[PDB]
Amino acid sequence: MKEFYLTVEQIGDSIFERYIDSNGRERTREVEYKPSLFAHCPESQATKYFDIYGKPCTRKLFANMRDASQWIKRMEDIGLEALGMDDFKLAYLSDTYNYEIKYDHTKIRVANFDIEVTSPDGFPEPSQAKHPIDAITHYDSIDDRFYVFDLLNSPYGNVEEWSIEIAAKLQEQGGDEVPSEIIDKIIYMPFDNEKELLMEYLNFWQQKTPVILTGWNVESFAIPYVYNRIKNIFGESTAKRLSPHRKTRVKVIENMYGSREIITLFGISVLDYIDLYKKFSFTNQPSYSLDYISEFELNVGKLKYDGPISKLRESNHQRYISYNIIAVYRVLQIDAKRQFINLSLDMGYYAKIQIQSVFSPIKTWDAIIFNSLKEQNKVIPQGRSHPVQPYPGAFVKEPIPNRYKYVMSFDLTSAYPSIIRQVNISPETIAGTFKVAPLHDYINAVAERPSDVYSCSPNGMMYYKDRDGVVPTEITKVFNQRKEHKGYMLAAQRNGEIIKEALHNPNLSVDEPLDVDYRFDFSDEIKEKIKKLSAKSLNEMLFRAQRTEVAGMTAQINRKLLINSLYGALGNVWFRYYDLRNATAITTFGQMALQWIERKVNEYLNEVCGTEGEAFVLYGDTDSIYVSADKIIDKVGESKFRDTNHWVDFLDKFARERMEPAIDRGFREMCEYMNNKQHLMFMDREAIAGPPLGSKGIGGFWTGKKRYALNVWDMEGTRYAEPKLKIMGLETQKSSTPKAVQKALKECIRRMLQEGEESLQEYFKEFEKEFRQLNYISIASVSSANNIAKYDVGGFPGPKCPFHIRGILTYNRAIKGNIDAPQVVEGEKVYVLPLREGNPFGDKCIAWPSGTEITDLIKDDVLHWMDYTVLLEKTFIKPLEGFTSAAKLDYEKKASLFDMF
DNA sequence: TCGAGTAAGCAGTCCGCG
DNA sequence: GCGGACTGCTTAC
Ligand SMILES: Cc1cn([C@H]2C[C@H](O)[C@@H](COP(=O)(O)OP(=O)(O)OP(=O)(O)O)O2)c(=O)[nH]c1=O
Ligand SMILES: [Ca+2]
Ligand SMILES: [Ca+2]
Ligand SMILES: [Ca+2]
Ligand SMILES: [Ca+2]
Ligand SMILES: [Ca+2]
Ligand SMILES: [Ca+2]
Ligand SMILES: [Ca+2]
């Protein structure tokens, strides 16, 4: 097999590389890599190396990496550009793996671990590590085993061994319900003392050294705790054994307020699953506790226990160990579904970077572009410093707030990447500038043609047309991968809808789910077999289809993220190819494209409707238009349609056969106007929206920019078994809005769009009457909590104190003195509740850590003093009043003459 | 919240507005 | 009471 790296590091003048050799075995090597860098030279000097602008360079070969770094510094002292890849390990990977890497994941040791630390006096700080580590569960992907290290004797209690038999039993048997599928995979090791536990863990780690190291909060908690505890007991040299090269660095990480420490383990790639989840999941969660996320992702019940976690080991060591094991398993289950490790490996090997660098699109793209240029013997420019400067973005149309009955939407496929490719925007394709007219003049096609030679953006920039830039070339490659995965995702989605339909008529039989590839649209034969299947088999198939859809979603949306982040990197001062001229060329072209096509669509529809000045485009944001279809439906007449699906078909056909060709003609003209390299503006239909045929539903409404709801029957070619709400920006979509309130507002919206005013009024009246019975967590607001210290003046709110921070200060006074009470962590999320006048907490609100029950010390009093009236008004009535006033509906029945009878 | 970008919405504070 | 200046937070692209 072809060799591939596992990890790479620079340590002084050596590269340390762990790799898989041609026989599939893990090896390590130290290489005295001599890096090269480059300086500009005279034309009279014969060279093969040129910078991206075509200027000749001489290659400087250094005796070692330190010599190279020193040269860069002296070049700065002289005032001359030092060209080339200054991150020497990326140059090493490029030289050592000069081919497309094919990796074999089965050979990569992926370790997933979690530790337990009993602490009586509050949160056990990793930097201090003052308490014994009393459990470690470490799952190894190569062995497929859970290695459990269990401390039986501690200063906080001596306990009996954990029992695998009880662990396996149902909770109704007094057991722990450790999943039966992992029972046989547990290797249990009890220890009489912590010193032996840790020495054995280190010997184990040496034998089975992680390449990828993951878990939940492993980077911020488990790793620094283990390192520091070992350091405290044995000394630094022993703790450094967590690195295969015995090198570690305390790394200080900082944002806007304050900083924290992590331990860099040289020769390991730490991908903390909480951070993978945050970057790649496209959620914003009220809580990031593993319990909360596991419940959300997997629909598994919260791991229940009596009393605080600080007393769990002494009171129920059995459950304590089983819960540690289950926690490790939960992360593996989340990864089986979301596949973020697979994503990271794919992206990392594609770019030829340390796998942990997938968190940085700047590093990822720097490596991709360097590798690409190096292939042509071209030399990358030196990174420079730039001051942070603002630049303009997208155009968003101001919608008239209203109900909108029939709507068809359209938006550009990968808009900004497509603009980059179409215009040929790249650092080395800049050709010059032209005199800019006001944007309105380009939108209306009255400005003079920018260039008859070069490809243009309405910000004034011109680009070469003779050859593709490296940015267009490389962005296209990732875009093509994105397109492939999106195809699989949508097929799985369409397949899911087939199963949902079949589930209306399940067969009374005993059978099996069909063995199929959900990434491909079901054949006629498969469809026929599905119609004969039982509910059990159909539901299993649906689950599998939905898992395939999620897998495709991860692969496609994060490739979309990668290419969109190349655009974004052009506007980040740390990117080697930072250039506000190029970032603004993209955004200004975007503004033109949207407004140009708005004009074209309005013109087209006015023509086919025989009107003048009618605005068919009611809204658009960045690269999208929303077209009112009322007049199209009315041209045929509603009574002509057999059912909802009939008019959906009709609008679908109209969009595909009439609208899209008109849109395409419009953009081709724009391409010619701007003299672009290639027409790539592809504005495909997104949604077909409207009320159910014959209902009183309003179909859709807008309240403002970035705030709307549509009742959708077809989304990008997926014809739903049941209509689905597309809601953007409204409170149902915000993580700050209480859970039960999101749910209620969504049902209000459903009723508005599908059923009408009277249905809405019925539901509202019921919710208002019953909501005080809702569990307090479900009606609590959520907020991130930054700068608690800033607004804390002797335990009381300082000037301009935010509402949620005020709540935290209230909480802090109420739990004062107790080291046992959960502390609100700076920068994390809190639940927030309003409190009635005269309450014993002495302020108008209280906040506590999100994803948790408020501590028993104050729970009863919070429950007694919760201000339900304020809750309802702020979170439910105010937003609902917004939706209904926009839609020109009333959520409460107004008086009429009929009342008199 | 270490980690690519801008536009733009709403909650809340402070305080004017005769 | 609402609206502007401002902070804080969050979402649509
Ligand atoms: C979602 C998103 C969009 N954008 C910008 C670039 C996008 O091309 C543009 C339009 O956003 P989208 O319409 O959300 O995405 P897209 O057009 O790139 O891809 P597709 O519609 O095919 O799924 O907005 C970002 O810069 N960052 C982002 O995270
Ligand atoms: Ca735990
Ligand atoms: Ca788009
Ligand atoms: Ca599309
Ligand atoms: Ca059937
Ligand atoms: Ca869009
Ligand atoms: Ca009490
Ligand atoms: Ca206001």
Side-chain angles (χ1 to χ4, degrees), chain A residues 219-220 251-260 262 271-272 274-276 278-280 282-284 286 288 356-366 388-398 411-412 414-416 560-575 577-578 580 582-584 586-588 590-591 594 619-624 703-708 726-737 781-787 790-791 797-807 825-830 832 834 844-845 874-875 878-879 882:
Chain A
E219 196 180 68
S220 55
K251 188 175 182 289
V252 178
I253 206 63
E254 52 189 50
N255 40 51
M256 58 168 285
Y257 165 74
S259 71
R260 35 176 286 262
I262 71 165
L271 304 175
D272 192 337
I274 193 173
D275 298 323
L276 290 173
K278 281 170 175 178
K279 191 176 185 70
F280 297 140
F282 294 84
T283 65
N284 192 13
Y288 287 90
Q356 68 268 33
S357 290
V358 302
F359 290 116
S360 175
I362 286 170
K363 180 62 86 174
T364 302
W365 280 113
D366 198 41
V388 175
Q389 286 190 119
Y391 71 94
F395 171 79
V396 182
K397 184 179 170 71
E398 189 77 67
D411 74 275
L412 292 168
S414 290
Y416 283 14
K560 166 175 169 174
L561 171 64
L562 185 56
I563 57 182
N564 286 347
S565 295
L566 179 52
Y567 151 68
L570 295 168
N572 180 292
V573 302
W574 302 105
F575 190 44
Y577 311 98
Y578 170 82
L580 257 28
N582 289 343
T584 300
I586 297 156
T587 62
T588 309
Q591 288 216 17
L594 178 47
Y619 182 67
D621 180 340
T622 307
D623 72 328
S624 70
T703 80
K705 291 184 180 183
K706 297 178 192 286
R707 287 184 62 87
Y708 63 92
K726 182 187 185 197
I727 303 167
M728 310 307 306
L730 307 188
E731 280 69 13
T732 56
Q733 309 312 110
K734 300 166 99 172
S735 72
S736 43
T737 295
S781 297
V782 182
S783 187
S784 294
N786 303 304
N787 287 303
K790 185 203 269 187
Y791 294 103
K800 300 169 190 175
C801 186
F803 191 85
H804 61 288
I805 304 299
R806 179 181 291 272
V825 181
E826 168 68 23
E828 310 266 55
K829 288 185 189 181
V830 289
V832 187
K844 56 174 181 174
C845 63
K874 276 156 47 163
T875 70
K878 206 169 186 168

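Atoms considered below: every heavy atom in the structure, side chains included; atoms not considered: hydrogens, waters and symmetry mates. Residue numbers begin at 1 in each chain, while the letters A, B, ... track the order of the sequences.
Residue A/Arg707 places at least one side-chain N or O closer than 4.0 Å to OP1 or OP2 of B/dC10. Within the structure, every side-chain polar atom (N or O) of A/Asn284 is placed at least 4.0 Å from both OP1 and OP2 of C/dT10. In terms of phosphate contacts, A/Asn564 brings no side-chain nitrogen or oxygen within less than 4.0 Å of OP1 or OP2 of B/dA4.
In this structure, of B/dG5, B/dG9, B/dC2, it is B/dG9 that holds the atom nearest to the side chain of A/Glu398. Set against B/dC2, C/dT11, B/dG12, the side chain of A/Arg260 has B/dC2 as its closest nucleotide. Among B/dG3, C/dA12, B/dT13, the nucleotide with an atom closest to any side-chain atom of A/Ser360 is B/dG3. Here the side chain of A/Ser565 is nearest to one of B/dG3, B/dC2, B/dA4, namely B/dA4. Proximity note for A/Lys734 (side chain, C-beta onward) versus C/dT11, B/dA7, B/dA4: the nearest is C/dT11. Closest approach to the A/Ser735 side chain among C/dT10, B/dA8, B/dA4 is made by C/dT10 (side chain taken as heavy atoms from C-beta onward).
Across A/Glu219 and A/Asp275, no two heavy atoms sit closer than the pair OE1-OD2, 4.1 Å. Nearest heavy atom pair, residue A/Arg806 against residue A/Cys801, reads N-SG, 3.5 Å. Nearest heavy atoms, A/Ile563 versus A/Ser414: CD1-OG, 3.9 Å.
Sugar pucker of B/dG5: north, since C1'-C2'-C3'-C4' comes out positive.
Scored by the side chain to side chain donor-acceptor pair (under 3.5 Å) test, A/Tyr391 finds A/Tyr567 as partners (sequence neighbours excluded). With sequence neighbours excluded, no residue forms a ring-ring contact (aromatic ring centres under 6.0 Å, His included) with A/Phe395. Not counting sequence neighbours, the partners of A/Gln356 by the side chain to side chain donor-acceptor pair (under 3.5 Å) test are A/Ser269. Applying the side chain to side chain donor-acceptor pair (under 3.5 Å) criterion to A/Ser736, with sequence neighbours excluded, gives no partner residue. The salt bridge (charged side-chain N to carboxylate O under 4.0 Å, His left out) check on A/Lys560 picks up nothing, with sequence neighbours excluded. Not counting sequence neighbours, the partners of A/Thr703 by the side chain to side chain donor-acceptor pair (under 3.5 Å) test are A/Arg707. Considering only residues two or more places apart in sequence or on other chains, A/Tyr577 meets the ring-ring contact (aromatic ring centres under 6.0 Å, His included) condition with A/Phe575.
One distance of note links CD of A/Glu826 with NZ of A/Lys790; it measures 10.5 Å at 0.5 Å rounding.
When the P atom of B/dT6 is taken as reference, atom NZ of A/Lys706 falls 13 Å away, rounded to whole Å. Spacing between atom CD of A/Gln591 and atom P of B/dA7 amounts to 8 Å, rounded to whole angstrom units. One interatomic measurement links the two molecules: CG of A/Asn582 to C1' of B/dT6, which rounds to 17 Å at whole-angstrom precision. The NZ-P distance, from A/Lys251 to B/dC2, rounds to 9 Å in whole Å. The NZ-P distance, from A/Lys844 to B/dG12, rounds to 8 Å in whole Å. The distance between atom NZ of A/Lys397 and atom P of B/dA8, rounded to the nearest whole Å, is 13 Å. If you take CE of A/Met728 and P of B/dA7, they are 19 Å apart, rounded to a whole angstrom. In this structure, the CG atom of A/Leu570 is 12 Å from the P atom of B/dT6, given to the nearest Å.
In this structure, the helix from B/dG5-C/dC13 to B/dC17-C/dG1 shows an angle of 30° between the axis at its start and the axis at its end, each fitted on 5 base pairs and rounded to 10°.
Closest-nucleotide positions on DNA chain B for A/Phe359 and A/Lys705 were compared, and the one nearer the 5' end corresponds to A/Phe359.
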Legend entry - Heavy-atom protein contacts under 4.0 Å, nucleotides 1-9 of chain C, coded B base, S sugar-phosphate only, - none: ------SSS

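Comparing the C1' positions of B/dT1 and C/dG8 gives a spacing of 14 Å, expressed to the nearest Å. When the P atom is used for both C/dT7 and B/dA4, the distance is 26 Å, rounded to whole Å.
Remark: ring of A/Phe803 does not overlap the six-membered base ring of B/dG12 in a stacked fashion, as centroids less than 5.5 Å apart with planes less than 30° apart are not both met.
Nucleic acid contact class of A/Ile362 (heavy atoms, under 4.0 Å, all strands): sugar-phosphate only.
If you check distances only, the side chain of A/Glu219 does reach the base of B/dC2 with a donor-acceptor pair under 3.5 Å.
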